[PDB]
Every structure is written in structure tokens, then in C-alpha cells.
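Student: I am attaching a structure below and will ask some questions about it afterwards.
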Amino acid sequence: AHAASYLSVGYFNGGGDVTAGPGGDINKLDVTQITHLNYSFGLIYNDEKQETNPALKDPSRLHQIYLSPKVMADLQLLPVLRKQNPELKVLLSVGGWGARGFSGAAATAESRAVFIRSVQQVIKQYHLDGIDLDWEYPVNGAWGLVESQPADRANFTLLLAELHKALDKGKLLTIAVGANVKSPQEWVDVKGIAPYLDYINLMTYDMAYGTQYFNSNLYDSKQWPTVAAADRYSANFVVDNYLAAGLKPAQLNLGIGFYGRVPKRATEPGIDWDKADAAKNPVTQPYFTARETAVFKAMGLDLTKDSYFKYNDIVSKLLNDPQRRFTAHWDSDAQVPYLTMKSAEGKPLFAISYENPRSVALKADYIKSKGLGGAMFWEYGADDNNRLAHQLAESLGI
């Protein structure tokens with residue numbers, strides 16, 4: 001009797017990101033193609049001893065939000081964006097990969113009150129529609145990259161309950177959560193925080209690690225299978241894990257990557273920690289040689305440090321490489337594209353998987369069939385002339 005309504009929540013790396021690099025130009029974005037913009041990132045002033053950003057070590061602002069000069073200048077521009085799309089909602093996202101300070105901000109009644117006052121101050125100064133918290137990750141700390149403790153799980157629940165209480169009615173409160181199965185199991189009380197959140201952004205990407213080839217496959221590949229069980233991920237598997245934990249599909253946005261990654265399997269031995277003497281007996285071995293790593297390095301991707309390739313750069317540098325070194329393929333099971341490069345021996349080598357318009361549309365179909373609330377994407381600055389956002393908008397009837 002009536003049509004569904006869907007969200008399309010676009011993160012934008014405006015201030016810079018640890019894995020994705022320097023911030024983009026906010027003026028390039030087509031804000032008519034999205035329902036919500038998550039301007040990224042606000043950081044957190046913190047007392048973590050390993051913090052290397054000295055601005056954040058100001059003890060007089062501990063637990064408050066830090067906005068860099070570029071973030072402040074870009075947020076000046078919201079009136080212009082809202083005139084372009086008067087239905088747009090704009091949030092600040094706080095955190096991101098490698099961002100410190102959540103564990104300490106969440107830890108006490110006092111610290112949470114300082115952080116919440118700062119959220120309110122920023123929302124009011126910059127006239128935001130809400131706040132998104134991208135803590136990567138409670139309890140796990142991204143394997144040591146940020147401070148963490150087991151109390152983060154319950155403390156995050158308290159922070160969200162208190163922030164929900166403090167926010168003006170009508171303001172949005174959202175979070176991003178990880179793909180890892182331990183996130184709903186051990187890091188985040190998803191069922192307990194659900195009542196406080198307008199929606200939850202699933203980061204259903206960054207799967208091209210360990211023995212897995214694909215970065216954002218919808219289902220598992222059969223032609224290019226992951227070998228170790230602990231590495232075997234797909235977007236659908238992640239969604240099912242979150243549904244198993246008691247979230248309703250309508251509250252979830254499926255995260256879509258406007259980028260790809262060269263799999264770690266290309267350059268690093270893959271270890272299956274379920275195996276006997278695992279580290280000495282890798283189950284996959286690297287198939288890139290100096291020849292292939294040199295190609296990526298020349299494009300600015302040093303694979304010893306980084307595997308992230310923006311979609312617009314995949315199009316310009318890989319698909320449209322003048323030397324024709326990259327061949328485009330489709331994985332029919334995974335429902336995503338990938339490129340190969342030809343070895344000196346003549347064998348196709350799996351170089352990178354990503355999302356193109358066909359695969360973004362197939363993830364929208366999944367959203368529609370599974371009854372998810374919408375899509376989210378990381379991130380708008382990596383789109384090619386707003387094309388992937390436009391596909392999403394079309395597919396979801398935005």
C-alpha cells in the first residue's frame with residue numbers, strides 16, 4: 001500500500017583520517033544524493049601517553065572535542081550545503097580509526113559530563129543536527145592502537161544513555177560499529193544501547209586482511225575463497241551477526257566502501273591461528289613480488305604501510321592505467337568487482353576489490369530485501385564525480 005523510505009548516510013573525510021589520508025574538498029560533494037552527512041572527524045582531547053598529536057594533549061581541555069582549523073572552516077559552510085538540500089541532516093562524527101580518548105572520556109561520571117557538555121557546545125556553535133560516535137573500538141582498542149579496558153562496554157552504554165538524555169529532542173545520536181564478530185559479542189552492548197540511538201552504521205568493509213581477498217564482498221567468494229575461518233567475512237555475515245545479537249534490521253545502515261584495498265594476502269603470509277604451530281606454517285603465501293609492489297608504490301600506495309585506494313583513484317589509476325596493467329572482473333558469488341594484474345609468468349594476480357555502481361546497486365537490493373533502514377558509506381571524498389552516491393540514491397529512492 002506504500003513505498004519504503006531509506007537513509008543514505010555519507011561520511012566525509014574533511015579533517016583527515018589515519019588510514020584514508022588528508023581531508024578532501026567539501027565543495028566537491030553533491031549533498032542532494034544523501035539524506036545525512038557525517039562530517040569527519042572531531043577528535044578527543046586525551047591523556048593517553050601514546051598520543052602523538054600534541055594538540056590533543058592539552059590538559060586544560062581533557063575529554064572535550066577537538067576541531068582542527070580545517071574542520072572549523074568546513075563546518076562554516078553548512079548553510080550553503082543546507083540551501084542545496086534543505087532536507088539534509090548534518091552530524092559531526094567524533095573518533096575514527098586510531099582516534100584516542102573515548103576510553104577515558106567514557107570512564108567516569110565526571111569525564112562523561114565534560115564530553116557531553118562539549119558535544120552540546122559543538123552542536124550549538126555549528127548548528128548540527130546530531131552527533132555520531134565512531135569509537136574504534138571499545139574493549140578491544142583496535143588491538144592496542146588506542147587505550148581500552150573491559151569496562152568500555154558498560155561505560156559506552158552509560159555514555160550513550162547520558163548523551164541521549166542531554167541532547168535536545170530531535171537531535172540525532174548515532175554510532176559506527178565494526179565488522180568483527182566480537183563487536184556485538186564482547187565490545188558493544190548493541191541490545192542495551194539500541195533505545196538511545198536513531199540508527200547504527202555498520203562498517204561492513206575492511207575485510208581484505210589475513211587470508212581474505214575481498215574487502216567488501218556481500219557474500220563469500222567461491223572462486224577466491226578465504227582460507228582461515230577467523231578471516232572469513234562478508235557484509236551479509238556481519239549483518240546476521242548483528243541481527244543475532246538482537247538488533248532490528250530497520251535500525252541498521254549497511255556500510256558501503258567507496259574505496260578498495262589491496263589484500264594483505266598479496267604481500268604478507270596468512271596465518272590460521274587454529275592450526276598447529278600456526279605462525280611457522282602459514283596457510284597462504286604472498287603472491288606479489290617486487291614487480292607488483294613497485295607498480296602500486298609508483299602510484300603513491302606503499303603496501304608496507306597502506307592498502308587503501310580511493311574509488312576515484314581506482315578508476316583513474318587502475319582501470320584507466322595507460323599501460324593497461326589491470327583487468328576488471330566480476331565475482332558473481334561475492335557480488336563485487338575486482339581487478340587482476342598479470343604476473344611475469346602470465347597468471348592473473350588478484351590486485352584489489354572495491355565497489356562499482358553495479359555492486360552498490362546490489363547492496364541496495366539487499367538493504368531492500370532484508371528490510372534494513374538504509375545505507376551508509378565511507379566516504380564521499382573518494383567518489384568519482386558523486387557517481388556511487390548517485391547510484392545509491394537512485395536504488396534507494398532517495
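Chain identifiers are assigned as A, B, and so on, following the order in which chains appear in the C-alpha cells; residues are numbered from 1 within each chain, and ligands are numbered from 1 in order of appearance.
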I want to know what sits within 12 Å of stretch 125-127 of chain A, based on only C-alpha atoms, with residues of the same chain fewer than 6 positions away left out; could you give that as a list in words?
Tutor: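 Close residues of stretch 125-127 of chain A: residues 39, 67, 71, 72, 73, 74, 75, 76, 77, 78, 79, 82, 89, 90, 91, 92, 118, 119, 168 and 171 of chain A.
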Student: The selected residues should be written to file as a PDB file, in the first residue's frame (atoms: N, CA, C and O atoms).
Tutor:
ATOM      1  N   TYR A  39      30.082  14.611   8.851  1.00  0.00           N
ATOM      2  CA  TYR A  39      31.326  15.322   8.667  1.00  0.00           C
ATOM      3  C   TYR A  39      32.354  14.712   9.621  1.00  0.00           C
ATOM      4  O   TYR A  39      32.111  14.656  10.797  1.00  0.00           O
ATOM      5  N   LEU A  67      38.350  20.340  17.342  1.00  0.00           N
ATOM      6  CA  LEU A  67      38.091  20.622  15.936  1.00  0.00           C
ATOM      7  C   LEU A  67      39.307  21.345  15.354  1.00  0.00           C
ATOM      8  O   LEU A  67      39.675  22.411  15.847  1.00  0.00           O
ATOM      9  N   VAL A  71      38.454  21.635   9.979  1.00  0.00           N
ATOM     10  CA  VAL A  71      37.112  21.195  10.396  1.00  0.00           C
ATOM     11  C   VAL A  71      36.252  22.401  10.713  1.00  0.00           C
ATOM     12  O   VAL A  71      35.085  22.477  10.266  1.00  0.00           O
ATOM     13  N   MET A  72      36.805  23.357  11.467  1.00  0.00           N
ATOM     14  CA  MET A  72      36.040  24.568  11.763  1.00  0.00           C
ATOM     15  C   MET A  72      35.634  25.317  10.512  1.00  0.00           C
ATOM     16  O   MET A  72      34.483  25.778  10.408  1.00  0.00           O
ATOM     17  N   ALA A  73      36.538  25.411   9.537  1.00  0.00           N
ATOM     18  CA  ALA A  73      36.232  26.185   8.324  1.00  0.00           C
ATOM     19  C   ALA A  73      35.159  25.486   7.489  1.00  0.00           C
ATOM     20  O   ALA A  73      34.220  26.096   6.958  1.00  0.00           O
ATOM     21  N   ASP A  74      35.278  24.180   7.386  1.00  0.00           N
ATOM     22  CA  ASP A  74      34.297  23.405   6.641  1.00  0.00           C
ATOM     23  C   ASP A  74      32.918  23.472   7.283  1.00  0.00           C
ATOM     24  O   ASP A  74      31.916  23.601   6.587  1.00  0.00           O
ATOM     25  N   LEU A  75      32.845  23.404   8.608  1.00  0.00           N
ATOM     26  CA  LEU A  75      31.547  23.484   9.276  1.00  0.00           C
ATOM     27  C   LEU A  75      30.904  24.878   9.070  1.00  0.00           C
ATOM     28  O   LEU A  75      29.676  24.996   9.091  1.00  0.00           O
ATOM     29  N   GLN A  76      31.713  25.905   8.854  1.00  0.00           N
ATOM     30  CA  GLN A  76      31.150  27.207   8.370  1.00  0.00           C
ATOM     31  C   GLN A  76      30.342  27.144   7.133  1.00  0.00           C
ATOM     32  O   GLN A  76      29.474  28.039   6.894  1.00  0.00           O
ATOM     33  N   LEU A  77      30.678  26.170   6.362  1.00  0.00           N
ATOM     34  CA  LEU A  77      29.953  26.025   5.178  1.00  0.00           C
ATOM     35  C   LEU A  77      28.495  25.304   5.021  1.00  0.00           C
ATOM     36  O   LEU A  77      27.646  25.264   4.158  1.00  0.00           O
ATOM     37  N   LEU A  78      28.144  24.941   6.294  1.00  0.00           N
ATOM     38  CA  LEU A  78      26.873  24.195   6.330  1.00  0.00           C
ATOM     39  C   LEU A  78      25.685  24.977   5.762  1.00  0.00           C
ATOM     40  O   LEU A  78      24.842  24.403   5.185  1.00  0.00           O
ATOM     41  N   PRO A  79      25.577  26.309   6.020  1.00  0.00           N
ATOM     42  CA  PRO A  79      24.442  26.992   5.409  1.00  0.00           C
ATOM     43  C   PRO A  79      24.293  26.804   3.896  1.00  0.00           C
ATOM     44  O   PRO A  79      23.189  26.723   3.376  1.00  0.00           O
ATOM     45  N   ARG A  82      23.004  23.319   3.205  1.00  0.00           N
ATOM     46  CA  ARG A  82      21.591  23.203   3.507  1.00  0.00           C
ATOM     47  C   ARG A  82      20.710  23.927   2.486  1.00  0.00           C
ATOM     48  O   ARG A  82      19.573  23.499   2.242  1.00  0.00           O
ATOM     49  N   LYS A  89      20.392  16.299   6.708  1.00  0.00           N
ATOM     50  CA  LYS A  89      20.792  16.330   8.109  1.00  0.00           C
ATOM     51  C   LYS A  89      22.310  16.255   8.170  1.00  0.00           C
ATOM     52  O   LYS A  89      22.912  15.501   7.406  1.00  0.00           O
ATOM     53  N   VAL A  90      22.920  17.042   9.046  1.00  0.00           N
ATOM     54  CA  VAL A  90      24.375  17.055   9.169  1.00  0.00           C
ATOM     55  C   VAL A  90      24.758  16.758  10.603  1.00  0.00           C
ATOM     56  O   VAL A  90      24.320  17.416  11.569  1.00  0.00           O
ATOM     57  N   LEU A  91      25.615  15.740  10.743  1.00  0.00           N
ATOM     58  CA  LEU A  91      26.182  15.331  12.010  1.00  0.00           C
ATOM     59  C   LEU A  91      27.688  15.535  11.976  1.00  0.00           C
ATOM     60  O   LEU A  91      28.318  15.483  10.905  1.00  0.00           O
ATOM     61  N   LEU A  92      28.262  15.760  13.148  1.00  0.00           N
ATOM     62  CA  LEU A  92      29.706  15.594  13.298  1.00  0.00           C
ATOM     63  C   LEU A  92      29.980  14.190  13.759  1.00  0.00           C
ATOM     64  O   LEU A  92      29.365  13.736  14.707  1.00  0.00           O
ATOM     65  N   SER A 118      30.728  19.205  25.915  1.00  0.00           N
ATOM     66  CA  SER A 118      31.457  19.569  24.698  1.00  0.00           C
ATOM     67  C   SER A 118      30.657  19.201  23.431  1.00  0.00           C
ATOM     68  O   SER A 118      30.546  20.025  22.502  1.00  0.00           O
ATOM     69  N   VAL A 119      30.074  18.014  23.397  1.00  0.00           N
ATOM     70  CA  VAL A 119      29.150  17.673  22.312  1.00  0.00           C
ATOM     71  C   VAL A 119      28.066  18.741  22.179  1.00  0.00           C
ATOM     72  O   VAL A 119      27.800  19.213  21.099  1.00  0.00           O
ATOM     73  N   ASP A 168      19.226  17.805  22.893  1.00  0.00           N
ATOM     74  CA  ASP A 168      17.921  18.379  22.635  1.00  0.00           C
ATOM     75  C   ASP A 168      17.055  17.349  21.921  1.00  0.00           C
ATOM     76  O   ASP A 168      17.536  16.541  21.109  1.00  0.00           O
ATOM     77  N   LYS A 171      17.456  15.970  18.087  1.00  0.00           N
ATOM     78  CA  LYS A 171      18.851  15.795  17.660  1.00  0.00           C
ATOM     79  C   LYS A 171      19.114  14.319  17.511  1.00  0.00           C
ATOM     80  O   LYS A 171      18.565  13.505  18.255  1.00  0.00           O
TER      81      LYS A 171
END
Student: Where in stretch 28-199 of chain A does DSSP assign strand (DSSP E or B), given as a ChimeraX atom specification?
Tutor: /A:36-44,65-66,89-95,130-134,172-177,199
Student: Can you check which residues of stretch 69-218 of chain A DSSP gives as alpha helix (DSSP H) on the backbone and send them as a PyMOL selection string?
Tutor: chain A and resi 69-76+78-84+102-106+109-126+141-144+152-166+182+190-193
Student: Please report the interatomic distance between atom CA of residue A:284 and atom CA of residue A:215 in Å with one decimal.
Tutor: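 Result for atom CA of residue A:284 versus atom CA of residue A:215: 16.9 Å, one decimal.
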Student: Can you pull out the residues contacting stretch 365-369 of chain A? Cut-off 8 Å, using only C-alpha atoms, and skip same-chain residues under 3 positions away; I want them as a list in words.
Tutor: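 Non-adjacent residues within range: residues 254, 361, 362, 372, 373, 374, 375, 395 and 396 of chain A.
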Student: I need the residues from that last selection saved to file as a CSV table (one decimal), in the first residue's frame (with N, CA and C atoms), if you can.
Tutor:
chain,number,residue,atom,x,y,z
A,254,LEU,N,23.6,-0.4,6.3
A,254,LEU,CA,24.7,-1.1,5.7
A,254,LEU,C,25.8,-0.2,5.1
A,361,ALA,N,24.4,-1.0,-6.3
A,361,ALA,CA,23.0,-1.3,-6.5
A,361,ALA,C,22.6,-2.7,-5.9
A,362,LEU,N,23.5,-3.7,-6.0
A,362,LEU,CA,23.2,-5.0,-5.4
A,362,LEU,C,23.2,-4.9,-3.9
A,372,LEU,N,16.6,-3.5,5.9
A,372,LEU,CA,17.5,-2.6,6.6
A,372,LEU,C,17.0,-1.2,6.5
A,373,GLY,N,17.4,-0.3,7.4
A,373,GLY,CA,17.0,1.1,7.3
A,373,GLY,C,17.6,1.9,6.3
A,374,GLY,N,18.7,1.5,5.8
A,374,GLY,CA,19.4,2.3,4.8
A,374,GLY,C,20.8,1.9,4.5
A,375,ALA,N,21.5,2.8,3.9
A,375,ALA,CA,22.9,2.6,3.6
A,375,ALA,C,23.7,3.7,4.3
A,395,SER,N,18.9,3.8,-6.4
A,395,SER,CA,18.5,2.5,-6.0
A,395,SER,C,17.6,2.5,-4.8
A,396,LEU,N,17.8,3.4,-3.9
A,396,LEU,CA,17.1,3.5,-2.6
A,396,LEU,C,15.9,4.5,-2.7
Student: Determine, for each residue of stretch 30-137 of chain A having at least one atom at most 10 Å from an atom of stretch 174-198 of chain A, the closest pair of atoms and their separation in Å to one decimal, counting only C-alpha atoms; order by chain and ascending number, as JSON lines.
Tutor:
{"residue": "A:38", "atom": "CA", "partner": "A:174", "partner_atom": "CA", "distance": 9.9}
{"residue": "A:91", "atom": "CA", "partner": "A:174", "partner_atom": "CA", "distance": 9.0}
{"residue": "A:93", "atom": "CA", "partner": "A:175", "partner_atom": "CA", "distance": 8.4}
{"residue": "A:94", "atom": "CA", "partner": "A:175", "partner_atom": "CA", "distance": 9.4}
{"residue": "A:95", "atom": "CA", "partner": "A:176", "partner_atom": "CA", "distance": 9.7}
{"residue": "A:96", "atom": "CA", "partner": "A:176", "partner_atom": "CA", "distance": 9.1}
{"residue": "A:130", "atom": "CA", "partner": "A:174", "partner_atom": "CA", "distance": 8.0}
{"residue": "A:131", "atom": "CA", "partner": "A:174", "partner_atom": "CA", "distance": 6.4}
{"residue": "A:132", "atom": "CA", "partner": "A:174", "partner_atom": "CA", "distance": 4.5}
{"residue": "A:133", "atom": "CA", "partner": "A:175", "partner_atom": "CA", "distance": 4.7}
{"residue": "A:134", "atom": "CA", "partner": "A:176", "partner_atom": "CA", "distance": 5.0}
{"residue": "A:135", "atom": "CA", "partner": "A:176", "partner_atom": "CA", "distance": 7.3}
{"residue": "A:136", "atom": "CA", "partner": "A:178", "partner_atom": "CA", "distance": 7.5}
{"residue": "A:137", "atom": "CA", "partner": "A:187", "partner_atom": "CA", "distance": 7.3}
Student: Ranking A:202, A:235, A:279, A:109 by minimum distance to residue A:251 and counting only C-alpha atoms, which one comes first?
Tutor: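 Of all the options, A:202 lies closest to residue A:251.
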Student: Compare A:272, A:147, A:17, A:25 by their minimum atom-to-atom distance to residue A:41, counting only C-alpha atoms, and give me the closest one.
Tutor: A:17
Student: Just how far from atom CA of residue A:201 is atom CA of residue A:243, in Å to one decimal?
Tutor: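 Atom-to-atom, atom CA of residue A:243 to atom CA of residue A:201, that is 13.3 Å.
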Student: My list of candidates is A:288, A:209, A:12, A:326. Which is closest to residue A:261 when distances are computed with only C-alpha atoms?
Tutor: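 Looking at the shortest contact to residue A:261, the residue is A:209.
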